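Step one of this worksheet: look at the structure below.
Naming: A, B, ... by sequence-line order, numbering from 1 per chain. Excluded from the calculations below are hydrogen atoms, water molecules and symmetry mates; all remaining heavy atoms, backbone and side chain alike, are included.
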Amino acid sequence: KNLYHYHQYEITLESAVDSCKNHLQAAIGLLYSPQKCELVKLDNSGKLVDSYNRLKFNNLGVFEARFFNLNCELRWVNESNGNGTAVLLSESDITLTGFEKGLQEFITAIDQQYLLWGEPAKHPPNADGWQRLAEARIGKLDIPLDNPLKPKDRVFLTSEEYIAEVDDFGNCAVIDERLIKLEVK
RNA sequence: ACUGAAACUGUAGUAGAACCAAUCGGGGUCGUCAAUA
């Protein structure tokens, strides 16, 4: 049982997304910038509607990103001037141009949940495939969810933790966690 | 790769109960005084 991971270096974010786009289809992105943490959704093709401008670094731009869908997750972090390391995590063996494949054996993987911030807002956003949670603590949170949220729905980010031996003594740990999807409970 | 936000150590509770500032006492009445030569 292997967790496959694919790594590329000195690559810009928008190139990293494009180089992965056949796998990141419909992925939720979480982009990290000095001023904003924003969710995005890639097209079912995997593109983003302002991709270059959205993923540009040089003007308070994206220094870290995570893209996740059912099959895989892309991670990117800026090393210098908007060029940085991409790692894609997938439980499936897959081919990528330029990415060096690796793998980790893991003993088992276990489901985990994270409750998202907020209750369903009294109306969803005007954008299709978006919903609004809100909590007085943070205000609105627009999430790329296509289910119309019922009152007293709660949204959970589901993840899978991979457990492996860290020591030659046999000590186990969770070696990584892959984010999967938003789910309504 | 960037300070969280916002939140009254307040709310109720009598320094009080008990203890006599009191007990006894006719506003009365008679023998001297002094020490030397």
So, do [N] and [M] stack if we ask for centres under 5.5 Å and planes under 30°?
| N | M | result |
| --- | --- | --- |
| B:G28 | B:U29 | yes |
| B:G13 | B:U14 | no |
| B:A17 | B:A18 | yes |

For [N], does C1'-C2'-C3'-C4' say north (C3'-endo side) or south (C2'-endo side)?
| N | result |
| --- | --- |
| B:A5 | north |
| B:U29 | south |
| B:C20 | south |
| B:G31 | south |
| B:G10 | north |

Value in whole Å for how far the [atom2] atom of [N] lies from [atom1] of [X]:
| X | N | atom1 | atom2 | result |
| --- | --- | --- | --- | --- |
| A:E135 | B:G4 | CD | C1' | 14 Å |
| A:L30 | B:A1 | CG | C1' | 15 Å |
| A:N81 | B:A1 | CG | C1' | 14 Å |
| A:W117 | B:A5 | CH2 | P | 14 Å |
| A:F63 | B:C2 | CZ | P | 5 Å |
| A:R66 | B:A1 | CZ | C1' | 16 Å |
| A:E38 | B:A1 | CD | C1' | 15 Å |
| A:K36 | B:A1 | NZ | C1' | 15 Å |

Polar side chain donor-acceptor pair, A:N2 to A:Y162, under 3.5 angstrom: no
Can you tell me whether the base of [N] sits syn or anti, using the 90° cut around 0 to define syn?
| N | result |
| --- | --- |
| B:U14 | syn |
| B:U32 | syn |
| B:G26 | syn |
| B:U23 | anti |

Looking only at B:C2, B:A1, B:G4, the nucleotide nearest the A:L60 side chain is B:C2
Spacing of the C1' atoms in B:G26 and B:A22 (rounded, Å): 22 Å
Whole-Å P distance, B:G27 and B:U23: 16 Å
Would you indicate what A:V62 reaches in the nucleic acid, counting non-hydrogen atoms under 4.0 angstrom: base, sugar-phosphate, or nothing? nothing
A:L13 CG to A:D18 CG distance, which is reported to the nearest 0.5 Å: 11.0 Å
To the nearest 0.5 angstrom, please state how far the CD atom of A:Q25 sits from the SG atom of A:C20. 12.0 Å
For the side-chain hydrogen bond (donor to acceptor under 3.5 Å, both in side chains) test, which of A:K181, A:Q112, A:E177 pairs with A:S159? A:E177
State plainly whether one hydrophobic cluster holds both A:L145 and A:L133, where clusters connect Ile, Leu, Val, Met, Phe, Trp and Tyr through side-chain heavy atoms under 4.5 angstrom apart. yes
Check ion pair A:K41-A:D146 (N to O, under 4.0 angstrom): no
